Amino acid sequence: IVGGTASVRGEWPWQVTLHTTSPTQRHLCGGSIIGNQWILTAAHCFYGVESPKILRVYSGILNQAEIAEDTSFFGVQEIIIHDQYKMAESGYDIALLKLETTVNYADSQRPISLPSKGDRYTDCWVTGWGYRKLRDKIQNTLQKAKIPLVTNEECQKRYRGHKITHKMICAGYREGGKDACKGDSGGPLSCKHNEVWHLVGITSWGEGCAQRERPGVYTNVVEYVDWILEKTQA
């Protein structure tokens, strides 16, 4: 996250850090708890991941320093990537992780509500342990930044070489300065409406990070609520 600040412990209890253990353990992406056995994240996080055996999901984390070899984690039983996904910039950048065990909800870890088709937001935040600038490194403390949504027409003007579809949502300041970046991929764009937090977007792509006239692009979660229901069925 560029231009953000440190989060308060437990203020984004749906946020997870997804690690890979290959070659050595490191944070790979963000994600969101949406159900007792389910994390919603970005499909592009799984480039080159041939097996879910190398993944670990950590919930209830503020600082990456909390994660040691003796820290509990959730194993991943299955990676479900949208069957129309090819690459972040062409959309469908959404994936589910089915966990091996169920999350026990607590003040530190609980699910975020999915947006309602009926709500198709002025208090939106992007969170993560990603870079603070394009060439940087993973941050210890979960960062947060408040960013305004921009219309799809506005976003399209900023990305003339792309097709900004109704299955994408954009957020950014005209002058830049606050945005998601590498490593924030897969995490939430969370919006508070009528005192309830909604998972409105999934961090997906953008040209650089926090540049002027280059909003962040996110998967528009409401366009996938039918897909999420279909894929999370027994």
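One rule holds for the numbers: they count along the sequence shown, beginning at 1.
The modelled chain is continuous from residue 133 to residue 134, with every intervening residue of the deposited sequence accounted for. Averaged over Cα atoms, the B-factor as recorded in the entry is higher for 154-162 than for the other of 154-162 and 76-84. As recorded in the PDB entry, 133-141 is the stretch of 133-141 and 85-93 with the greater mean C-alpha temperature factor. Listed residues 56, 193, 44, 27 were ranked by CA B-factor as deposited; 193 comes out on top. When all modelled residues of the chain are sorted by CA temperature factor, residue 111 is found within the middle third. Ranked against the other modelled residues of its chain, the C-alpha B-factor of residue 33 as given in the entry falls in the lowest third. Sorting the modelled residues of the chain by their CA temperature factor places residue 188 in the lowest third. Compared with the other modelled residues of the chain, the Cα B-factor recorded for residue 201 ranks in the lowest third.
Per the PDB record, residue ranking by Cα B-factor puts residue 2 in the middle third of the chain.
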